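*Asks:* Below you will find the structure I want to go over with you.
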Amino acid sequence: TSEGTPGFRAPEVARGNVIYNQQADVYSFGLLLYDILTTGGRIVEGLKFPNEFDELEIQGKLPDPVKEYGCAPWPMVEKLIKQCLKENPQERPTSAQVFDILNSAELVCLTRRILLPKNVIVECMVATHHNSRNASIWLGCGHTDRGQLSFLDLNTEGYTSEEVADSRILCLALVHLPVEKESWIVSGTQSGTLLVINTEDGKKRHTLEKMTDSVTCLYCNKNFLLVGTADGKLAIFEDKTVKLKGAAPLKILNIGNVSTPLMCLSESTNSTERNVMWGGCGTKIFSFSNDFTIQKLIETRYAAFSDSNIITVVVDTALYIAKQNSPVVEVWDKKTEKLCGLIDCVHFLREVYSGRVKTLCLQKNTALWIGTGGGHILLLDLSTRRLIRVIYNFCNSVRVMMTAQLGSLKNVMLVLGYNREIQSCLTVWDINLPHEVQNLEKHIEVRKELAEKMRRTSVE
């Protein structure tokens with residue numbers, strides 16, 4: 001009775017009834033995994049249509065599961081389904097290989113990928129207002145000189161471009177204004193023009209007071225607005241002041257010089273200190289609060305790895321700082337004003353030139369997300385020991401990596417990379433990757449221990 005049930009059956013079993021390989025087991029595994037992805041909707045379909053379960057399965061044209069049935073994308077196993085459903089038994093992998101594919105924590109973690117238009121380059125990407133229906137990702141453009149904002153869906157994943165300005169938008173911001181419940185999105189490009197767009201009202205396009213020099217980074221932490229000019233002048237706005245044309249610079253924190261561009265404006269993680277804000281201008285770092293004045297002005301100057309322009313400053317119990325094309329991150333103290341420790345990327349990535357730290361997204365209390373200059377992402381358990389897992393081979397160069405709360409499954413990482421003919425892909429990881437890479441690791445060792453324990457009882 002080795003012919004098996006007709007619904008769950010390999011084509012080499014049905015068509016002609018040739019001698020059964022070991023790959024028919026892999027084919028039935030692929031069908032079972034197709035049911036797992038589709039909650040067995042095909043099974044209960046074939047219960048009413050047996051010719052659909054058996055005779056329609058005579059070809060490997062099993063449809064797009066997300067199209068036919070409502071389910072999460074889960075795409076790294078959709079490629080696996082495409083692989084182990086090949087009509088050639090020689091093209092289907094062995095079961096040890098499909099077990100090693102299923103052993104990847106990236107497989108269980110990654111939610112979806114998405115490819116973009118042919119050679120569009122995005123420098124700034126921001127999330128929407130975190131509303132359940134209003135779940136999308138804005139994108140600027142750097143592939144051309146003329147800057148263009150691109151609204152990009154996530155539930156349907158539809159690219160929608162729109163011309164913005166003559167220069168590429170280096171940096172973008174947005175704020176869900178609770179006044180009148182308006183989703184205000186402000187676009188200050190490299191040319192200094194501070195345009196806005198209501199996400200709901202695409203006709204709501206106004207310009208504010210023009211930023212003098214090159215706009216470098218904005219921020220939206222009452223509730224103010226934070227903009228980092230090339231002269232460092234932090235023009236403080238308010239969520240109701242940007243609604244009109246030409247809001248007033250309620251503070252000018254003209255900290256650095258025009259040769260020192262403000263590259264980041266972060267925010268704290270505690271409460272009783274009442275969340276002193278931060279920032280990095282040129283190389284020297286600084287702070288401010290609701291007063292908007294320099295609280296601390298900690299000095300932070302190989303040579304180009306120690307002394308360069310800053311990239312970002314993240315606020316925690318310590319301060320982690322990257323520079324332009326520097327493979328080390330500089331752990332600084334907010335109190336001691338000293339280099340507490342160093343973490344060089346090449347001390348980890350060489351254990352598997354290009355690759356320097358680009359983005360630094362920070363998990364709440366366990367992980368630290370590092371974006372390499374090459375197609376790698378490094379996850380640091382910031383407290384005890386650094387390296388957990390270097391994920392790679394999914395992009396060419398991480399451009400901007402920032403977390404968000406979108407699509408009702410909040411705390412997802414919008415890791416954005418390229419694929420050089422440069423396809424700029426966007427991956428949506430779960431933020432629970434640092435727990436998954438060790439949970440699966442301990443669970444696999446547990447099952448291996450049980451297997452080796454009860455294998456010895458076979459010969460006993």
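A note on labels: chains of the structure tokens are A, B, ... as shown, every chain counts residues from 1, and ligands are counted from 1 in their shown order.
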Among stretch 200-340 of chain A, which residues carry a DSSP assignment of helix (DSSP H, G or I), reported as a count of residues only?
*Replies:* 4
*Asks:* Within 10 Å of stretch 110-114 of chain A, counting only C-alpha atoms, which residues qualify if same-chain residues fewer than 4 places away don't, as a VMD selection string?
*Replies:* chain A and resid 72 to 77 105 to 106 154 157 394 412 to 416 424 to 431 433
*Asks:* Go ahead and save the picked residues with N, CA, C and O atoms, as an mmCIF file, in the first residue's frame.
*Replies:*
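Okay, this is what ended up in part_27.cif:
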data_model
loop_
_atom_site.group_PDB
_atom_site.id
_atom_site.type_symbol
_atom_site.label_atom_id
_atom_site.label_comp_id
_atom_site.auth_asym_id
_atom_site.auth_seq_id
_atom_site.Cartn_x
_atom_site.Cartn_y
_atom_site.Cartn_z
ATOM 1 N N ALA A 72 0.094 35.253 6.901
ATOM 2 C CA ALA A 72 1.325 36.020 6.911
ATOM 3 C C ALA A 72 2.218 35.567 5.758
ATOM 4 O O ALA A 72 2.137 34.415 5.324
ATOM 5 N N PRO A 73 3.044 36.470 5.217
ATOM 6 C CA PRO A 73 3.922 36.105 4.098
ATOM 7 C C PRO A 73 4.863 34.951 4.402
ATOM 8 O O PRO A 73 4.824 33.942 3.691
ATOM 9 N N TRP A 74 5.678 35.092 5.448
ATOM 10 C CA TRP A 74 6.572 34.042 5.926
ATOM 11 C C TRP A 74 7.494 33.537 4.810
ATOM 12 O O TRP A 74 7.551 32.336 4.539
ATOM 13 N N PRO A 75 8.234 34.434 4.150
ATOM 14 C CA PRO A 75 8.673 34.151 2.780
ATOM 15 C C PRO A 75 9.881 33.246 2.669
ATOM 16 O O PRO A 75 10.041 32.592 1.627
ATOM 17 N N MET A 76 10.732 33.183 3.692
ATOM 18 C CA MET A 76 11.907 32.332 3.612
ATOM 19 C C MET A 76 11.543 30.856 3.554
ATOM 20 O O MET A 76 12.349 30.055 3.073
ATOM 21 N N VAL A 77 10.358 30.476 4.029
ATOM 22 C CA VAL A 77 9.879 29.119 3.819
ATOM 23 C C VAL A 77 9.015 29.025 2.569
ATOM 24 O O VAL A 77 8.792 27.915 2.071
ATOM 25 N N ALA A 105 17.113 30.425 12.665
ATOM 26 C CA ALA A 105 16.252 31.316 13.423
ATOM 27 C C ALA A 105 15.775 32.489 12.587
ATOM 28 O O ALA A 105 14.730 33.070 12.899
ATOM 29 N N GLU A 106 16.515 32.849 11.539
ATOM 30 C CA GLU A 106 16.046 33.881 10.623
ATOM 31 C C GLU A 106 14.775 33.448 9.909
ATOM 32 O O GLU A 106 13.930 34.287 9.581
ATOM 33 N N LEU A 154 2.189 48.445 3.149
ATOM 34 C CA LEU A 154 2.663 47.216 3.769
ATOM 35 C C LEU A 154 1.623 46.113 3.758
ATOM 36 O O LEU A 154 1.973 44.944 3.578
ATOM 37 N N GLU A 157 1.447 46.348 -0.098
ATOM 38 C CA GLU A 157 2.785 46.536 -0.666
ATOM 39 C C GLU A 157 2.721 47.148 -2.066
ATOM 40 O O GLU A 157 3.195 46.571 -3.046
ATOM 41 N N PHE A 394 21.391 38.518 2.977
ATOM 42 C CA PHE A 394 20.040 38.933 2.648
ATOM 43 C C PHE A 394 19.992 40.297 1.983
ATOM 44 O O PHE A 394 18.979 40.629 1.358
ATOM 45 N N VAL A 412 8.642 45.716 15.214
ATOM 46 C CA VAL A 412 9.267 45.048 14.083
ATOM 47 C C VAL A 412 10.379 45.932 13.545
ATOM 48 O O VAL A 412 10.292 47.164 13.572
ATOM 49 N N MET A 413 11.435 45.296 13.057
ATOM 50 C CA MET A 413 12.604 46.000 12.554
ATOM 51 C C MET A 413 12.501 46.150 11.045
ATOM 52 O O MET A 413 12.379 45.154 10.326
ATOM 53 N N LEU A 414 12.553 47.390 10.568
ATOM 54 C CA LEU A 414 12.433 47.676 9.143
ATOM 55 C C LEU A 414 13.835 47.792 8.561
ATOM 56 O O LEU A 414 14.282 48.859 8.148
ATOM 57 N N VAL A 415 14.536 46.666 8.545
ATOM 58 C CA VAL A 415 15.896 46.610 8.028
ATOM 59 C C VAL A 415 15.856 46.823 6.521
ATOM 60 O O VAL A 415 15.198 46.071 5.798
ATOM 61 N N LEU A 416 16.550 47.853 6.050
ATOM 62 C CA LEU A 416 16.556 48.230 4.644
ATOM 63 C C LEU A 416 17.960 48.037 4.088
ATOM 64 O O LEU A 416 18.928 48.566 4.642
ATOM 65 N N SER A 424 16.864 47.762 -4.067
ATOM 66 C CA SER A 424 16.872 48.177 -2.667
ATOM 67 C C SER A 424 15.731 47.471 -1.948
ATOM 68 O O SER A 424 14.597 47.954 -1.927
ATOM 69 N N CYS A 425 16.035 46.322 -1.354
ATOM 70 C CA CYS A 425 15.028 45.537 -0.665
ATOM 71 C C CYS A 425 14.774 46.083 0.731
ATOM 72 O O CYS A 425 15.609 46.764 1.328
ATOM 73 N N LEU A 426 13.597 45.766 1.254
ATOM 74 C CA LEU A 426 13.217 46.122 2.613
ATOM 75 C C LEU A 426 12.724 44.865 3.306
ATOM 76 O O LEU A 426 11.761 44.240 2.854
ATOM 77 N N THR A 427 13.395 44.480 4.377
ATOM 78 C CA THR A 427 13.005 43.312 5.142
ATOM 79 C C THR A 427 12.370 43.759 6.448
ATOM 80 O O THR A 427 12.732 44.794 7.011
ATOM 81 N N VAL A 428 11.407 42.982 6.919
ATOM 82 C CA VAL A 428 10.700 43.281 8.152
ATOM 83 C C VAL A 428 10.970 42.128 9.103
ATOM 84 O O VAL A 428 10.257 41.119 9.090
ATOM 85 N N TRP A 429 12.006 42.263 9.920
ATOM 86 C CA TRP A 429 12.260 41.280 10.954
ATOM 87 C C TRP A 429 11.339 41.533 12.129
ATOM 88 O O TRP A 429 11.212 42.654 12.611
ATOM 89 N N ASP A 430 10.984 40.441 12.833
ATOM 90 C CA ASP A 430 10.556 40.531 14.247
ATOM 91 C C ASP A 430 11.690 41.021 15.133
ATOM 92 O O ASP A 430 12.855 40.674 14.928
ATOM 93 N N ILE A 431 11.342 41.834 16.133
ATOM 94 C CA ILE A 431 12.342 42.309 17.086
ATOM 95 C C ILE A 431 12.743 41.231 18.074
ATOM 96 O O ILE A 431 13.751 41.386 18.772
ATOM 97 N N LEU A 433 14.107 38.505 17.515
ATOM 98 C CA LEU A 433 15.239 37.723 17.020
ATOM 99 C C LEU A 433 16.275 37.366 18.083
ATOM 100 O O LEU A 433 16.704 36.203 18.103
#
*Asks:* Of the candidates A:260, A:132, A:376, A:155, which shows the shortest atom-to-atom distance to residue A:408, using only C-alpha atoms?
*Replies:*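 Closest to residue A:408 of all the choices is A:132.
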*Asks:* Which residues, written as a ChimeraX atom specification, have at least one atom at most 12 Å from residue A:324, with only C-alpha atoms counted and residues fewer than 6 positions away on the same chain left out?
*Replies:* /A:263,282-283,303-312,355-359,372-373
*Asks:* Keeping only N, CA and C atoms, write the selected residues as a short mmCIF file (atom, residue, chain, number, x, y, z; two decimals), in the first residue's frame.
*Replies:*
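Generated file (again.cif):
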data_model
loop_
_atom_site.label_atom_id
_atom_site.label_comp_id
_atom_site.auth_asym_id
_atom_site.auth_seq_id
_atom_site.Cartn_x
_atom_site.Cartn_y
_atom_site.Cartn_z
N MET A 263 24.08 65.23 13.25
CA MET A 263 23.78 63.96 12.59
C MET A 263 22.72 63.14 13.30
N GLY A 282 29.04 67.29 14.60
CA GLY A 282 30.42 67.12 14.21
C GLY A 282 30.97 65.82 14.77
N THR A 283 31.80 65.93 15.80
CA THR A 283 32.27 64.78 16.57
C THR A 283 31.91 64.88 18.04
N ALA A 303 43.19 57.17 13.32
CA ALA A 303 42.77 58.56 13.49
C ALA A 303 41.35 58.78 12.98
N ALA A 304 41.05 58.33 11.76
CA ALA A 304 39.72 58.51 11.20
C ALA A 304 38.68 57.62 11.87
N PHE A 305 39.11 56.61 12.63
CA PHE A 305 38.19 55.81 13.41
C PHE A 305 37.94 56.42 14.79
N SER A 306 38.91 57.17 15.31
CA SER A 306 38.75 57.91 16.55
C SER A 306 38.19 59.31 16.31
N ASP A 307 38.70 59.99 15.28
CA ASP A 307 38.33 61.38 14.98
C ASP A 307 37.73 61.41 13.58
N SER A 308 36.41 61.55 13.50
CA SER A 308 35.70 61.73 12.24
C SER A 308 34.42 62.49 12.56
N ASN A 309 33.51 62.55 11.61
CA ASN A 309 32.20 63.08 11.93
C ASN A 309 31.34 61.99 12.55
N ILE A 310 30.44 62.41 13.44
CA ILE A 310 29.57 61.46 14.10
C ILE A 310 28.52 60.96 13.12
N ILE A 311 27.98 59.79 13.41
CA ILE A 311 26.87 59.22 12.67
C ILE A 311 25.61 59.19 13.52
N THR A 312 25.71 58.65 14.73
CA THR A 312 24.56 58.53 15.60
C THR A 312 25.02 58.46 17.05
N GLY A 355 32.53 46.82 5.10
CA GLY A 355 31.77 46.60 6.31
C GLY A 355 32.21 47.49 7.45
N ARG A 356 31.48 48.58 7.65
CA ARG A 356 31.66 49.46 8.79
C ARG A 356 30.28 49.78 9.33
N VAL A 357 30.22 50.12 10.62
CA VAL A 357 28.93 50.30 11.27
C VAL A 357 28.23 51.53 10.71
N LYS A 358 27.00 51.34 10.24
CA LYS A 358 26.21 52.37 9.59
C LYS A 358 25.05 52.85 10.44
N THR A 359 24.20 51.92 10.88
CA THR A 359 23.05 52.23 11.71
C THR A 359 23.18 51.53 13.05
N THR A 372 25.93 46.98 9.25
CA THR A 372 27.26 47.03 8.67
C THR A 372 27.25 47.78 7.34
N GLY A 373 28.45 48.17 6.90
CA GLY A 373 28.60 48.73 5.57
C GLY A 373 28.36 47.72 4.47
#
*Asks:* For residue A:284, work out the shell of residues within 8 Å, counting only C-alpha atoms and skipping chain neighbours fewer than 3 positions away, then give it as a VMD selection string.
*Replies:* chain A and resid 280 to 281 297 to 301 310
*Asks:* Would you kindly return, as a list in words, each protein, DNA or RNA residue with an atom no farther than 8 Å from any atom of stretch 214-224 of chain A, considering only C-alpha atoms and excluding same-chain residues fewer than 4 positions away?
*Replies:*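 That gives residues 170, 171, 172, 173, 174, 175, 188, 189, 190, 191, 192, 228, 229, 230, 236, 237, 238, 239, 261, 262, 263, 264, 265, 266 and 267 of chain A.
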*Asks:* Work out how far atom CA of residue A:422 is from atom CA of residue A:329, in Å to one decimal.
*Replies:*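 Separating atom CA of residue A:329 from atom CA of residue A:422 is a distance of 28.0 Å.
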